[PDB]
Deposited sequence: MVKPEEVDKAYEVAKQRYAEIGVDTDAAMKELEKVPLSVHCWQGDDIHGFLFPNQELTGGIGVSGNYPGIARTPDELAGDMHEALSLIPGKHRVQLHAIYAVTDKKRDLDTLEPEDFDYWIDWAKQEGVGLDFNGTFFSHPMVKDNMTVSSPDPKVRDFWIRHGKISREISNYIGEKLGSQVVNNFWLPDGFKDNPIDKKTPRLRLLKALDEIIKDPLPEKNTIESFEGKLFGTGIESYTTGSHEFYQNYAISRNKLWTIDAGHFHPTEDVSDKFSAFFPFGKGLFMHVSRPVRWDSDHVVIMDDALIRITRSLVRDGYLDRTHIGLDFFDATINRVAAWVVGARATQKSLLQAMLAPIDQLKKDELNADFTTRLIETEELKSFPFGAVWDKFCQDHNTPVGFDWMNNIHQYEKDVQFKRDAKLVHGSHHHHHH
């Protein structure tokens, strides 16, 4: 167990080290406080939800109460104040429901939980794992009956999101992700994107207060069993968001091999409103690995900090690893993102910008490289301790306690509710 006075001592030394290069470590920690991460609920129960009925880790959540407890446990090890992303299938009601019959009140459970937990809520319509998914197509299906069903869900997703936003007093980002596409090479690339354009326009048609909710649109290059064509491409959705004055969702695992998603922000913000940045680790495909401190995460976080885009960018976690402790998964990803944000915030950005404007690329290379071995860990440790979360390896103690007390017994416990 780290000693709190050692953390405080190491922080004063680091603060001095940074002050000597014109960086204020107190101000950097204050900046990190103001960046809430939207923790995805579906990592807790392998995206089962509650609407419809292998070497994976024990302790999967099977009920609202279980998932809520698991997210509370994860959030108690993530320093600061954050948000939670819900999916439509996480509706809590005993009334018989389908995706086109959900009502705002079906999320009262999550509204009450979020108020008592002190987090905001983001929302995702569920356009997958349903018999109305016809040949991998939903909203942009050539079948009018299939299209009309999913348009109904899409409209309902806004109604729910508006209601949640009104009750919490915090704007709900309503994210749209559609599987729509083909496994093999299509003949017609145009007509599916025109069907999508018209169906999306119909979904966002009825006005709702922007203070309560706003829609984001999430593209993808390719998915399993849908590899050759994605109806909702990144180009289609950036165009759609700018044109219809909505948010654009950038998921870090959904782009080309070698594609740096941190390049997109400064090409979008001269034209568009806001982004939903979904941090996710792709390993040679859209594998949805837990977020770690790697090149991609470091570039995403430093690009948002350096160019001042945080107040127009929502940061969400989107990954799914059931092979490890599901609660640990959230905490690794959240801490990875926070410490990368913090490292970016501990740079003398104004002086570096100056040197770069004067084409002093020598200084820029040297300093950026020296900063990677500066004592950013001491500032991170201080941030963890100040927000009553365990430091470094110490949070494994919390995970072992949660495994003994909950996760390793859960499977044998009778589910109820």
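Unmodelled regions of the deposited chain, listed from N- to C-terminal end, are 54-63, 428-434.
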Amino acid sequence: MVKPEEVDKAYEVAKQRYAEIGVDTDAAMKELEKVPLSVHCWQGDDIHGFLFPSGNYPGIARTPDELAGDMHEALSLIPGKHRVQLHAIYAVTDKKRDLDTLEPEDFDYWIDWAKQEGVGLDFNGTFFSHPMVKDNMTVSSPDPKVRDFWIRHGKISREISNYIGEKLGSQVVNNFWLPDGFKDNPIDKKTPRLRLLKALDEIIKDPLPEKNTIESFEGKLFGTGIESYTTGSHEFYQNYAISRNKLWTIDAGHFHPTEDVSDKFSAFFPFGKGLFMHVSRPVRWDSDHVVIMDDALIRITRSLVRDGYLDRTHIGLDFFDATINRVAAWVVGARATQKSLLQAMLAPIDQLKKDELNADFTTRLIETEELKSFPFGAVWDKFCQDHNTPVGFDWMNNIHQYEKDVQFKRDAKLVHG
From here on, numbers count along this sequence of modelled residues.
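In at least one third of the other compared structures of this protein with flanking residues present, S54 is left unmodelled. Checked against the record, the higher mean CA B factor of 323-331 and 93-101 lies with 93-101. Judged by mean Cα B factor in the deposited record, 103-111 ranks above the other of 292-300 and 103-111.
Among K190, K246, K205, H256, the highest C-alpha B-factor recorded in the PDB entry belongs to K205. Reading the B-factor column for the CA atoms of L371, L365, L37, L357 in the entry, the top value corresponds to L357. Placement of the Cα temperature factor of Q116 within the chain: highest third of the modelled residues, per the deposited record.
Ranked by C-alpha B-factor against the other modelled residues of its chain, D311 falls in the highest third. Looking at the C-alpha B-factors along this chain, the one for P270 belongs to the lowest third. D318: CA B factor in the middle third of modelled residues in this chain (values from the PDB entry). The PDB entry assigns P186 a C-alpha temperature factor belonging to the lowest third of its chain's modelled residues.
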